[PDB]
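Coordinates as given in run_12.txt (compact mmCIF, C-alpha atoms and all ligand atoms):
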# COMPACT_ATOMS: atom_id res chain seq x y z
CA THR A 17 -19.78 2.30 -23.15
CA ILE A 18 -16.43 2.31 -21.33
CA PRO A 19 -13.79 4.59 -22.91
CA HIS A 20 -10.58 2.85 -23.92
CA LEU A 21 -7.40 4.86 -23.40
CA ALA A 22 -3.82 4.20 -24.52
CA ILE A 23 -2.26 6.11 -21.60
CA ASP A 24 0.45 4.07 -19.86
CA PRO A 25 0.29 5.08 -16.16
CA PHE A 26 3.54 3.16 -15.53
CA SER A 27 5.61 4.94 -18.21
CA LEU A 28 8.45 7.33 -17.50
CA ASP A 29 6.77 10.15 -19.41
CA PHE A 30 3.75 9.68 -17.15
CA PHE A 31 5.83 9.72 -13.95
CA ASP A 32 7.62 12.84 -15.18
CA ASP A 33 4.34 14.81 -15.27
CA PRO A 34 1.24 12.76 -14.42
CA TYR A 35 -1.29 15.46 -13.71
CA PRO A 36 -2.57 16.26 -17.23
CA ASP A 37 -2.96 12.57 -18.07
CA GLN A 38 -4.72 12.19 -14.71
CA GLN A 39 -7.27 14.80 -15.76
CA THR A 40 -7.70 12.93 -19.04
CA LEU A 41 -8.35 9.75 -17.04
CA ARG A 42 -10.78 11.58 -14.75
CA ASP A 43 -12.72 13.37 -17.49
CA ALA A 44 -13.01 10.43 -19.89
CA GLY A 45 -15.52 8.94 -17.45
CA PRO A 46 -15.93 7.36 -14.02
CA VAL A 47 -14.43 4.08 -15.31
CA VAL A 48 -11.92 3.65 -18.13
CA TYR A 49 -10.17 0.71 -19.75
CA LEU A 50 -6.40 0.95 -20.21
CA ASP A 51 -5.61 -0.97 -23.39
CA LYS A 52 -1.88 -0.99 -22.61
CA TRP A 53 -2.29 -3.36 -19.64
CA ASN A 54 -5.85 -4.72 -20.01
CA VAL A 55 -7.09 -3.36 -16.68
CA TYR A 56 -9.89 -1.06 -15.67
CA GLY A 57 -9.04 2.34 -14.22
CA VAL A 58 -10.81 4.66 -11.78
CA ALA A 59 -9.33 8.13 -11.26
CA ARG A 60 -12.19 10.16 -9.73
CA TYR A 61 -12.30 10.59 -5.95
CA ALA A 62 -15.82 9.18 -5.65
CA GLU A 63 -15.12 5.89 -7.45
CA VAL A 64 -11.68 5.37 -5.89
CA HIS A 65 -13.24 5.82 -2.44
CA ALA A 66 -16.18 3.51 -3.20
CA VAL A 67 -13.83 0.81 -4.50
CA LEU A 68 -11.54 1.01 -1.47
CA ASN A 69 -14.58 0.60 0.81
CA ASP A 70 -16.09 -2.35 -1.11
CA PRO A 71 -13.63 -5.12 -0.23
CA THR A 72 -15.96 -8.09 -0.79
CA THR A 73 -16.22 -7.17 -4.47
CA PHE A 74 -12.83 -5.51 -5.07
CA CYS A 75 -10.66 -7.99 -3.25
CA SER A 76 -7.04 -7.77 -2.15
CA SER A 77 -6.21 -11.50 -1.77
CA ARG A 78 -5.51 -11.80 -5.51
CA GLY A 79 -2.76 -9.19 -5.25
CA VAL A 80 -2.70 -5.40 -5.14
CA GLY A 81 -0.30 -5.30 -8.09
CA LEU A 82 -1.10 -5.92 -11.72
CA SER A 83 -0.31 -9.62 -11.32
CA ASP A 84 -3.35 -11.78 -10.50
CA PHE A 85 -2.38 -14.37 -7.88
CA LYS A 86 -5.00 -16.73 -9.30
CA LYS A 87 -3.04 -16.65 -12.57
CA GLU A 88 0.66 -16.16 -11.71
CA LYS A 89 2.92 -16.99 -8.81
CA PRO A 90 3.62 -13.99 -6.54
CA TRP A 91 7.24 -12.88 -6.65
CA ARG A 92 7.38 -13.33 -2.84
CA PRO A 93 5.05 -15.10 -0.39
CA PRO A 94 1.95 -12.92 -0.13
CA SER A 95 1.73 -10.39 2.68
CA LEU A 96 -0.45 -11.63 5.54
CA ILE A 97 -2.21 -8.24 5.83
CA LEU A 98 -1.86 -6.25 2.59
CA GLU A 99 -2.69 -9.20 0.34
CA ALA A 100 -5.41 -10.72 2.53
CA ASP A 101 -9.15 -10.12 2.76
CA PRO A 102 -11.38 -10.42 5.83
CA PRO A 103 -11.47 -12.69 7.80
CA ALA A 104 -7.86 -13.79 7.14
CA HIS A 105 -6.77 -10.14 7.22
CA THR A 106 -8.36 -9.31 10.56
CA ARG A 107 -6.04 -10.76 13.19
CA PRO A 108 -2.73 -9.71 11.56
CA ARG A 109 -4.32 -6.26 11.21
CA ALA A 110 -5.11 -6.17 14.93
CA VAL A 111 -1.55 -7.16 15.86
CA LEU A 112 0.00 -4.44 13.70
CA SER A 113 -2.62 -1.97 14.96
CA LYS A 114 -1.44 -2.65 18.51
CA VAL A 115 2.29 -2.74 17.72
CA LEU A 116 1.99 0.68 16.03
CA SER A 117 -0.67 1.90 18.45
CA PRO A 118 -1.36 5.38 19.87
CA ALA A 119 0.05 4.03 23.15
CA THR A 120 3.14 2.93 21.21
CA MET A 121 3.62 6.42 19.77
CA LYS A 122 4.20 7.75 23.30
CA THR A 123 7.27 5.50 23.69
CA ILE A 124 9.00 6.77 20.51
CA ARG A 125 7.86 10.41 20.23
CA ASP A 126 10.63 11.98 22.31
CA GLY A 127 13.41 10.14 20.46
CA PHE A 128 11.80 10.79 17.07
CA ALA A 129 11.39 14.49 17.89
CA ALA A 130 14.94 14.82 19.23
CA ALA A 131 16.38 13.21 16.09
CA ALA A 132 14.42 15.57 13.82
CA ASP A 133 15.56 18.67 15.73
CA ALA A 134 19.17 17.47 15.76
CA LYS A 135 19.01 16.79 12.01
CA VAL A 136 17.69 20.24 11.11
CA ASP A 137 20.30 21.97 13.29
CA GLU A 138 22.95 19.78 11.69
CA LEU A 139 21.78 20.69 8.19
CA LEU A 140 21.71 24.39 9.10
CA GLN A 141 25.45 24.24 9.81
CA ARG A 142 26.03 23.12 6.20
CA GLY A 143 23.64 25.54 4.47
CA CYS A 144 23.37 23.83 1.07
CA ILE A 145 22.12 20.25 1.34
CA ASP A 146 20.21 17.62 -0.63
CA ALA A 147 16.79 17.44 1.02
CA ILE A 148 16.40 13.83 -0.16
CA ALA A 149 19.67 12.11 0.73
CA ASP A 150 20.50 14.42 3.64
CA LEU A 151 16.98 14.92 5.03
CA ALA A 152 13.99 13.02 3.60
CA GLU A 153 16.08 9.82 3.54
CA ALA A 154 18.54 10.38 6.39
CA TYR A 155 15.94 11.20 9.05
CA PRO A 156 13.71 8.09 8.70
CA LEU A 157 16.77 5.83 8.48
CA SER A 158 18.04 7.35 11.73
CA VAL A 159 14.82 6.55 13.67
CA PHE A 160 12.79 3.76 12.10
CA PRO A 161 15.34 0.89 11.86
CA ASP A 162 16.17 1.47 15.54
CA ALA A 163 12.46 1.56 16.44
CA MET A 164 12.07 -1.77 14.61
CA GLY A 165 14.91 -3.16 16.70
CA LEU A 166 17.03 -3.94 13.63
CA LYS A 167 20.70 -4.78 14.08
CA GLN A 168 23.24 -2.50 12.41
CA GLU A 169 24.58 -5.03 9.90
CA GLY A 170 22.72 -5.07 6.58
CA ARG A 171 20.65 -1.89 6.87
CA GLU A 172 22.04 -0.98 3.43
CA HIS A 173 19.46 -3.39 1.96
CA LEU A 174 16.48 -1.55 3.47
CA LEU A 175 16.01 1.12 0.80
CA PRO A 176 16.66 -1.27 -2.13
CA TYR A 177 14.09 -3.70 -0.72
CA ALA A 178 11.44 -1.01 -0.24
CA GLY A 179 11.85 0.21 -3.82
CA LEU A 180 11.69 -3.39 -5.02
CA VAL A 181 8.42 -4.04 -3.18
CA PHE A 182 6.71 -1.08 -4.80
CA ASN A 183 8.18 -1.61 -8.27
CA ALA A 184 6.86 -5.19 -8.05
CA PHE A 185 3.24 -3.99 -7.79
CA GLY A 186 3.59 -2.63 -11.32
CA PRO A 187 3.28 -4.28 -14.70
CA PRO A 188 6.14 -6.46 -16.03
CA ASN A 189 7.95 -3.45 -17.46
CA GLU A 190 11.67 -2.66 -17.31
CA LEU A 191 11.36 -1.11 -13.85
CA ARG A 192 9.77 -4.23 -12.40
CA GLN A 193 12.04 -6.74 -14.14
CA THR A 194 15.26 -4.95 -13.23
CA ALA A 195 13.94 -4.73 -9.67
CA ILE A 196 12.99 -8.38 -9.23
CA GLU A 197 16.00 -9.79 -11.06
CA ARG A 198 18.96 -10.39 -8.72
CA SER A 199 16.81 -9.27 -5.76
CA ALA A 200 17.69 -12.37 -3.72
CA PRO A 201 20.35 -10.62 -1.55
CA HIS A 202 17.77 -8.01 -0.47
CA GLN A 203 15.15 -10.70 0.15
CA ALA A 204 17.65 -12.79 2.13
CA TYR A 205 18.65 -9.89 4.36
CA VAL A 206 15.04 -8.89 5.08
CA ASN A 207 13.79 -12.43 5.67
CA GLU A 208 16.65 -13.11 8.09
CA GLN A 209 15.90 -10.00 10.14
CA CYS A 210 12.26 -11.20 10.50
CA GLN A 211 13.37 -14.03 12.79
CA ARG A 212 12.81 -13.43 16.50
CA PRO A 213 16.47 -13.76 17.66
CA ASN A 214 17.49 -10.89 15.35
CA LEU A 215 15.05 -8.29 16.74
CA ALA A 216 15.97 -6.18 19.76
CA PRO A 217 13.52 -6.62 22.66
CA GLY A 218 11.22 -3.62 22.99
CA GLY A 219 11.11 -2.85 19.25
CA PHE A 220 8.31 -3.26 16.73
CA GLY A 221 9.63 -6.58 15.42
CA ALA A 222 10.08 -8.16 18.84
CA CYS A 223 6.65 -6.88 19.85
CA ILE A 224 5.07 -8.66 16.87
CA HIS A 225 6.67 -11.91 18.01
CA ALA A 226 5.41 -11.24 21.54
CA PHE A 227 1.86 -11.36 20.15
CA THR A 228 2.29 -15.03 19.20
CA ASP A 229 1.62 -15.75 22.92
CA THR A 230 -1.91 -14.30 22.70
CA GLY A 231 -3.27 -16.50 19.92
CA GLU A 232 -3.80 -13.60 17.55
CA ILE A 233 -0.92 -14.85 15.39
CA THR A 234 1.05 -18.10 15.45
CA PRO A 235 4.86 -18.18 15.64
CA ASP A 236 5.14 -19.17 11.97
CA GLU A 237 3.11 -16.06 11.03
CA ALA A 238 5.24 -13.55 12.94
CA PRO A 239 8.17 -13.35 10.46
CA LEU A 240 5.82 -12.51 7.57
CA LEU A 241 4.15 -9.81 9.68
CA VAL A 242 7.55 -8.37 10.64
CA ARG A 243 8.35 -8.38 6.90
CA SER A 244 5.42 -6.02 6.38
CA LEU A 245 7.19 -3.33 8.44
CA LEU A 246 10.39 -3.78 6.39
CA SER A 247 8.39 -3.48 3.15
CA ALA A 248 6.09 -0.51 3.82
CA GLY A 249 6.78 2.66 5.74
CA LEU A 250 10.27 3.65 4.61
CA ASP A 251 10.04 4.84 1.01
CA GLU A 252 6.54 6.31 1.37
CA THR A 253 7.59 8.36 4.39
CA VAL A 254 10.82 9.45 2.69
CA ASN A 255 8.89 10.60 -0.37
CA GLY A 256 6.28 12.27 1.84
CA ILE A 257 8.83 14.32 3.77
CA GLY A 258 10.69 15.13 0.56
CA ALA A 259 7.46 16.38 -0.99
CA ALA A 260 6.72 18.55 2.06
CA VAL A 261 10.10 20.29 1.88
CA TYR A 262 9.67 20.74 -1.86
CA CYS A 263 6.22 22.20 -1.21
CA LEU A 264 7.60 24.47 1.53
CA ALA A 265 10.22 25.63 -0.98
CA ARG A 266 7.76 26.12 -3.85
CA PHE A 267 5.05 27.74 -1.67
CA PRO A 268 7.01 30.18 0.54
CA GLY A 269 3.77 31.66 1.87
CA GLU A 270 3.00 28.28 3.43
CA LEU A 271 6.41 28.02 5.09
CA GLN A 272 5.79 31.45 6.63
CA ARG A 273 2.38 30.35 7.92
CA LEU A 274 3.91 27.16 9.35
CA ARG A 275 6.66 29.21 11.02
CA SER A 276 4.06 31.45 12.68
CA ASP A 277 2.19 28.42 14.08
CA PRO A 278 4.35 25.29 14.32
CA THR A 279 1.28 23.43 15.63
CA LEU A 280 0.25 23.21 11.96
CA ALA A 281 3.16 20.78 11.44
CA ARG A 282 0.95 17.72 11.60
CA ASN A 283 -1.59 19.03 9.10
CA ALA A 284 1.17 20.43 6.88
CA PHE A 285 2.43 16.87 6.52
CA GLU A 286 -1.04 15.40 5.89
CA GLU A 287 -1.50 17.98 3.13
CA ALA A 288 1.90 16.95 1.79
CA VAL A 289 0.60 13.36 1.68
CA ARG A 290 -2.53 14.38 -0.23
CA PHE A 291 -0.61 16.74 -2.53
CA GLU A 292 2.04 14.29 -3.72
CA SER A 293 0.40 11.02 -2.53
CA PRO A 294 3.62 9.00 -2.18
CA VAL A 295 1.60 5.88 -3.05
CA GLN A 296 0.20 6.83 -6.44
CA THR A 297 -1.79 3.69 -7.36
CA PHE A 298 -2.58 0.11 -6.58
CA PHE A 299 -4.97 -2.59 -7.78
CA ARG A 300 -8.03 -4.49 -6.67
CA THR A 301 -9.40 -7.62 -8.38
CA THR A 302 -13.13 -8.12 -8.93
CA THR A 303 -14.59 -11.19 -7.20
CA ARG A 304 -17.80 -10.99 -9.25
CA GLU A 305 -19.36 -9.02 -12.06
CA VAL A 306 -19.99 -5.53 -10.70
CA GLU A 307 -21.46 -2.20 -11.74
CA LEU A 308 -19.21 0.84 -11.25
CA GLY A 309 -20.03 4.19 -12.83
CA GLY A 310 -22.55 2.73 -15.26
CA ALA A 311 -19.90 0.24 -16.37
CA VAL A 312 -20.30 -3.52 -15.92
CA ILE A 313 -16.97 -5.07 -14.94
CA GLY A 314 -16.56 -8.81 -15.19
CA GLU A 315 -15.23 -11.17 -12.56
CA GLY A 316 -11.51 -11.69 -12.10
CA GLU A 317 -10.63 -8.28 -13.58
CA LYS A 318 -7.87 -6.03 -12.27
CA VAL A 319 -8.89 -2.48 -11.34
CA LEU A 320 -6.32 0.31 -11.06
CA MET A 321 -7.07 3.02 -8.48
CA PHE A 322 -5.37 6.40 -8.98
CA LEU A 323 -4.95 7.58 -5.39
CA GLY A 324 -3.01 10.69 -6.39
CA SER A 325 -5.58 11.65 -9.00
CA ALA A 326 -8.36 11.08 -6.47
CA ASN A 327 -6.54 13.45 -4.11
CA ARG A 328 -6.51 16.16 -6.83
CA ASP A 329 -10.03 15.59 -8.26
CA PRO A 330 -11.64 19.08 -8.48
CA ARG A 331 -15.01 17.36 -8.03
CA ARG A 332 -13.92 16.90 -4.38
CA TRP A 333 -11.11 19.41 -3.67
CA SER A 334 -10.96 23.16 -4.06
CA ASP A 335 -7.75 24.31 -5.75
CA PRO A 336 -6.39 20.74 -5.65
CA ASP A 337 -3.12 21.77 -7.29
CA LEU A 338 -2.25 24.12 -4.41
CA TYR A 339 -0.40 23.26 -1.19
CA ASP A 340 -2.56 24.53 1.70
CA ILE A 341 -1.36 23.66 5.21
CA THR A 342 -4.76 24.65 6.65
CA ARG A 343 -6.79 22.53 4.22
CA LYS A 344 -9.31 20.15 5.76
CA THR A 345 -7.51 17.04 4.54
CA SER A 346 -9.88 14.61 6.25
CA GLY A 347 -11.07 12.16 3.59
CA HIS A 348 -8.00 12.06 1.37
CA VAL A 349 -6.99 8.58 0.21
CA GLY A 350 -3.21 9.02 0.48
CA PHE A 351 -3.28 6.36 3.22
CA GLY A 352 -6.10 4.38 1.62
CA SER A 353 -9.55 3.98 3.10
CA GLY A 354 -11.51 1.21 4.79
CA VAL A 355 -10.27 -2.10 6.18
CA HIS A 356 -6.76 -1.69 4.72
CA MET A 357 -6.21 1.98 5.55
CA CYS A 358 -2.49 2.31 6.32
CA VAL A 359 -1.89 0.61 9.65
CA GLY A 360 1.40 2.51 9.86
CA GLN A 361 -0.25 5.93 9.52
CA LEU A 362 0.57 6.97 13.09
CA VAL A 363 4.31 6.36 12.61
CA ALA A 364 4.29 8.24 9.30
CA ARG A 365 2.51 11.26 10.75
CA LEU A 366 4.83 11.31 13.78
CA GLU A 367 7.96 11.26 11.60
CA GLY A 368 6.46 13.86 9.29
CA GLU A 369 5.08 16.08 12.05
CA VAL A 370 8.29 16.28 14.09
CA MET A 371 10.40 16.95 11.00
CA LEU A 372 8.10 19.76 9.84
CA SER A 373 7.99 21.06 13.42
CA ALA A 374 11.79 21.13 13.50
CA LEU A 375 11.76 23.08 10.23
CA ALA A 376 8.96 25.35 11.45
CA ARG A 377 10.97 26.38 14.50
CA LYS A 378 14.52 26.57 13.09
CA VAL A 379 14.33 27.52 9.39
CA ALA A 380 13.38 30.88 7.86
CA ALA A 381 13.62 30.06 4.14
CA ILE A 382 14.08 26.98 1.93
CA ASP A 383 15.45 27.82 -1.52
CA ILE A 384 16.03 25.32 -4.31
CA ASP A 385 19.58 25.97 -5.54
CA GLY A 386 20.39 23.06 -7.85
CA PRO A 387 19.02 20.52 -10.33
CA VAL A 388 15.89 18.76 -9.06
CA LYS A 389 15.73 15.09 -10.09
CA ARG A 390 12.72 12.79 -9.98
CA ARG A 391 12.89 9.26 -8.53
CA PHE A 392 11.14 6.73 -10.76
CA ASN A 393 9.11 3.80 -9.45
CA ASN A 394 6.09 1.88 -10.69
CA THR A 395 3.94 2.74 -7.67
CA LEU A 396 5.76 5.46 -5.69
CA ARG A 397 6.09 9.18 -6.44
CA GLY A 398 9.01 11.08 -4.97
CA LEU A 399 12.19 12.92 -5.81
CA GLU A 400 15.70 11.55 -6.23
CA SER A 401 17.53 14.78 -5.38
CA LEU A 402 16.39 18.19 -4.10
CA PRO A 403 19.33 20.56 -3.55
CA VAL A 404 18.23 23.32 -1.17
CA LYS A 405 19.79 26.14 0.78
CA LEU A 406 18.40 26.43 4.31
CA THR A 407 18.33 29.85 5.97
CA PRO A 408 18.27 29.69 9.79
CA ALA A 409 15.54 31.50 11.67
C1 LIG B 1 3.38 8.82 3.91
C2 LIG B 1 3.62 7.56 4.29
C3 LIG B 1 2.68 6.39 3.90
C4 LIG B 1 1.77 6.30 2.91
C5 LIG B 1 1.43 7.35 1.83
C6 LIG B 1 1.15 4.99 2.99
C7 LIG B 1 0.17 4.49 2.15
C8 LIG B 1 -0.56 3.34 2.37
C9 LIG B 1 -1.73 2.92 1.63
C10 LIG B 1 -2.35 3.70 0.45
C11 LIG B 1 -2.16 1.76 2.14
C12 LIG B 1 -3.39 0.93 1.68
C13 LIG B 1 -3.01 -0.27 0.82
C14 LIG B 1 -4.28 -0.89 0.25
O1 LIG B 1 -5.38 -0.36 0.54
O2 LIG B 1 -4.20 -1.91 -0.48
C15 LIG B 1 -1.28 1.41 3.24
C16 LIG B 1 -1.36 0.30 4.05
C17 LIG B 1 -0.33 -0.18 4.83
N1 LIG B 1 0.74 0.56 5.28
FE1 LIG B 1 1.15 2.48 4.80
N2 LIG B 1 1.69 4.31 4.06
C18 LIG B 1 2.64 5.14 4.64
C19 LIG B 1 3.41 4.84 5.74
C20 LIG B 1 3.50 3.59 6.33
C21 LIG B 1 4.29 3.22 7.49
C22 LIG B 1 5.20 4.19 8.27
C23 LIG B 1 4.11 1.92 7.72
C24 LIG B 1 4.72 1.06 8.86
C25 LIG B 1 5.26 1.62 9.95
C26 LIG B 1 3.17 1.42 6.74
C27 LIG B 1 2.72 0.12 6.64
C28 LIG B 1 1.55 -0.27 6.03
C29 LIG B 1 0.95 -1.59 6.05
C30 LIG B 1 1.51 -2.83 6.77
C31 LIG B 1 -0.18 -1.53 5.34
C32 LIG B 1 -1.16 -2.69 5.08
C33 LIG B 1 -2.43 -2.38 5.87
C34 LIG B 1 -3.54 -3.36 5.60
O3 LIG B 1 -3.49 -4.12 4.57
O4 LIG B 1 -4.49 -3.39 6.43
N3 LIG B 1 2.82 2.47 5.90
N4 LIG B 1 -0.31 2.40 3.35
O1 LIG B 2 2.53 -6.05 3.90
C1 LIG B 2 3.33 -5.53 3.08
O2 LIG B 2 4.36 -6.14 2.69
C2 LIG B 2 3.05 -4.14 2.53
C3 LIG B 2 3.73 -3.70 1.40
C4 LIG B 2 3.47 -2.43 0.90
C5 LIG B 2 2.53 -1.62 1.51
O3 LIG B 2 2.28 -0.34 0.99
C6 LIG B 2 1.23 -0.23 0.06
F1 LIG B 2 1.50 -0.97 -1.05
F2 LIG B 2 1.09 1.07 -0.29
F3 LIG B 2 0.06 -0.66 0.60
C7 LIG B 2 1.86 -2.06 2.64
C8 LIG B 2 2.12 -3.32 3.14
CL CL B 3 11.39 -10.83 1.25
What is this structure when it is put down as structure tokens?
Amino acid sequence: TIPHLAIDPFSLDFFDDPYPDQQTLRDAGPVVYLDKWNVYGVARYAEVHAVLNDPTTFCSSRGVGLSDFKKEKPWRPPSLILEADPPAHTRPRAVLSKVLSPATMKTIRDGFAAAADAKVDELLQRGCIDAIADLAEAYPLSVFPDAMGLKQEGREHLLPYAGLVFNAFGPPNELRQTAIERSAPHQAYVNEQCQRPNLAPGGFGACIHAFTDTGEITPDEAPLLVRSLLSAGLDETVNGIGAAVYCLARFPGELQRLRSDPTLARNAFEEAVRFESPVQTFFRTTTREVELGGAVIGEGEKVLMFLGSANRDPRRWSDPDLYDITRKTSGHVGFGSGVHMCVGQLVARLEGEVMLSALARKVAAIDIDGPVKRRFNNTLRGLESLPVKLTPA
């Protein structure tokens, strides 16, 4: 009753062009079985959303990668928030919610905005730049590590560690094994920076430690919570901004609309997040036998959610393949949905908004003028290189 498919959603051919296979996954039925990895798959918006919002049945404490923590050892001590279910998840969620709070955004907005403006003006003096290295990557590295309160030494491990984290959610394919093997230097750097003495007062990391005084988290929990902010946030945001610039270069009509009303910057980034969904997939594990789309799924089964496919499901979105900076994006699952919905979403939108605002006000055209190269990762979608010529307004 459940269609079996041989599609490998973690293969390079799939990464290279996922969208046709995603329609195959969507149209085969509301629930499919992927024989290549022995997991269930849900690629329609309705089922992905239902699964995200049913945490008692589709749990997170057995890992959000392919690996089942009841069966294998996690490659690193499990995240206190991402890999936890309620009630264990609740208090670490509240701490991160407050550290990255709306109130917190007021303290960093002016510096984040200034850095984005300065970066666009800088790139306009060069003309022909790589919108990944020189923009999508450079901008977040120039604001976030400082906002964390990270010291200067060792920041070179930040991008390798982020890519490792997301590759590790995948199956035990080449990408994951190459990532995990010899990863200890990245792990050692990150773990060391999680200790209180290494975090500048006033920053996100130090503020997490400050919450150990309140009883929401204990001192031995703080380093693992700090680790969360050195795991998530960087690569996704980089890929998100990179996708936006690519979209603004492939849809010149939308760059012109954004130029005419820079206040669309925030929604132009949200639409970028739906359109490319930097986080393409992750897993839940059934805690009990469950019915989903007429399919009975046993207990202890891994379930693969296709966030990107759900964000392009024509059952939910009109013209899902088009970049529309005035689309009503409310409801997209690019940040997840429910109890685990991205706690860092306010930082990501700030970074994305102020960068697109900088572009909206200072750039007149964005033209691809060189080979575009995709960045490959088990869970993340994004570009490796995007050579563009920027025309000043
Ligand atoms: C475009 C950028 C981003 C995207 C697409 C994204 C995506 C996601 C998704 C899909 C989830 C849900 C995971 C799940 O349900 O299992 C999530 C949660 C999370 N995100 Fe983000 N994220 C982004 C930016 C950030 C930033 C900037 C931070 C930190 C500053 C961050 C930190 C986290 C954390 C700690 C969680 C775990 C939340 C929980 O388990 O309650 N992310 N993110
Ligand atoms: O707590 C962590 O280490 C963590 C890691 C990754 C992450 O991003 C996503 F996988 F998309 F949810 C969120 C949190
Ligand atoms: Cl680590």
query: Which of these residues is nearest to ligand LIG 2 (chain B), using all atoms listed in the file: A:400, A:270, A:133, A:99?
result: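 Nearest candidate to ligand LIG 2 (chain B) out of A:400, A:270, A:133, A:99: A:99.
Ranking A:371, A:289, A:284, A:129 by their shortest atom-to-atom distance to ligand LIG 1 (chain B), with only C-alpha atoms and all ligand atoms included, puts A:289 first.
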message: Which residues are near ligand LIG 1 (chain B) - at most 7 Å, using all atoms listed in the file? Format: as a ChimeraX atom specification.
response: /A:68,76,80,97-99,109,116,244-245,248-250,252-253,256,289,293-295,298,349-353,355-361,363-364
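Considering all atoms listed in the file, the residue among A:71, A:386, A:201, A:108 positioned nearest to ligand LIG 2 (chain B) is A:108.
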task: Using only C-alpha atoms and all ligand atoms, find each protein or nucleic acid residue lying at most 12 Å from ligand CL 3 (chain B); present the set as number ranges by chain.
output: A: 90-95, 173-174, 176-178, 180-181, 184, 196, 199-210, 239-248
message: Quick check, in Å to one decimal: how far apart do CA of residue 387 in chain A and CA of residue 265 in chain A lie?
response: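 Pair CA of residue 387 in chain A / CA of residue 265 in chain A returns 13.8 Å.
Nearest to residue 87 in chain A of all the residues A:118, A:316, A:103, A:278 is A:316, counting all atoms listed in the file.
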- prompt: Need the neighbours of (14.6, 8.1, 10.7): which residues are at most 9 Å away, counting only C-alpha atoms, as a PyMOL selection string?
  reply: chain A and resi 128+131-132+152-163+250+254+367
- prompt: Which value, in Å to one decimal, gives the distance between CA of residue 42 in chain A and CA of residue 22 in chain A?
  reply: 14.1 Å
Would you fill the gaps in range 50-63 of chain A so it has N, CA and C atoms, then print it as a PDB file, keeping the file's coordinate frame?
ATOM      1  N   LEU A  50      -7.750   0.600 -19.792  1.00  0.00           N
ATOM      2  CA  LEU A  50      -6.400   0.950 -20.210  1.00  0.00           C
ATOM      3  C   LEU A  50      -5.891  -0.172 -21.116  1.00  0.00           C
ATOM      4  N   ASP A  51      -5.951   0.066 -22.427  1.00  0.00           N
ATOM      5  CA  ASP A  51      -5.610  -0.970 -23.390  1.00  0.00           C
ATOM      6  C   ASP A  51      -4.175  -1.455 -23.225  1.00  0.00           C
ATOM      7  N   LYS A  52      -3.289  -0.614 -22.688  1.00  0.00           N
ATOM      8  CA  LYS A  52      -1.880  -0.990 -22.610  1.00  0.00           C
ATOM      9  C   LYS A  52      -1.659  -2.178 -21.677  1.00  0.00           C
ATOM     10  N   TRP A  53      -2.453  -2.291 -20.610  1.00  0.00           N
ATOM     11  CA  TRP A  53      -2.290  -3.360 -19.640  1.00  0.00           C
ATOM     12  C   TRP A  53      -3.541  -4.192 -19.419  1.00  0.00           C
ATOM     13  N   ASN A  54      -4.648  -3.889 -20.099  1.00  0.00           N
ATOM     14  CA  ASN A  54      -5.850  -4.720 -20.010  1.00  0.00           C
ATOM     15  C   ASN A  54      -6.408  -4.739 -18.587  1.00  0.00           C
ATOM     16  N   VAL A  55      -6.535  -3.552 -18.008  1.00  0.00           N
ATOM     17  CA  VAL A  55      -7.090  -3.360 -16.680  1.00  0.00           C
ATOM     18  C   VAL A  55      -8.079  -2.216 -16.752  1.00  0.00           C
ATOM     19  N   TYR A  56      -9.041  -2.218 -15.839  1.00  0.00           N
ATOM     20  CA  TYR A  56      -9.890  -1.060 -15.670  1.00  0.00           C
ATOM     21  C   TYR A  56      -9.183  -0.005 -14.818  1.00  0.00           C
ATOM     22  N   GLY A  57      -9.607   1.240 -14.979  1.00  0.00           N
ATOM     23  CA  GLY A  57      -9.040   2.340 -14.220  1.00  0.00           C
ATOM     24  C   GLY A  57     -10.124   3.251 -13.676  1.00  0.00           C
ATOM     25  N   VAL A  58      -9.914   3.721 -12.446  1.00  0.00           N
ATOM     26  CA  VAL A  58     -10.810   4.660 -11.780  1.00  0.00           C
ATOM     27  C   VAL A  58      -9.944   5.763 -11.194  1.00  0.00           C
ATOM     28  N   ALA A  59     -10.168   7.002 -11.645  1.00  0.00           N
ATOM     29  CA  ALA A  59      -9.330   8.130 -11.260  1.00  0.00           C
ATOM     30  C   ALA A  59     -10.082   9.252 -10.552  1.00  0.00           C
ATOM     31  N   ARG A  60     -11.407   9.174 -10.453  1.00  0.00           N
ATOM     32  CA  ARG A  60     -12.190  10.160  -9.730  1.00  0.00           C
ATOM     33  C   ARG A  60     -12.263   9.791  -8.247  1.00  0.00           C
ATOM     34  N   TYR A  61     -12.273  10.819  -7.390  1.00  0.00           N
ATOM     35  CA  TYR A  61     -12.300  10.590  -5.950  1.00  0.00           C
ATOM     36  C   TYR A  61     -13.444   9.665  -5.560  1.00  0.00           C
ATOM     37  N   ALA A  62     -14.647   9.925  -6.083  1.00  0.00           N
ATOM     38  CA  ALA A  62     -15.820   9.180  -5.650  1.00  0.00           C
ATOM     39  C   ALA A  62     -15.675   7.681  -5.925  1.00  0.00           C
ATOM     40  N   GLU A  63     -15.223   7.317  -7.129  1.00  0.00           N
ATOM     41  CA  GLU A  63     -15.120   5.890  -7.450  1.00  0.00           C
ATOM     42  C   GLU A  63     -13.941   5.243  -6.739  1.00  0.00           C
TER      43      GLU A  63
END
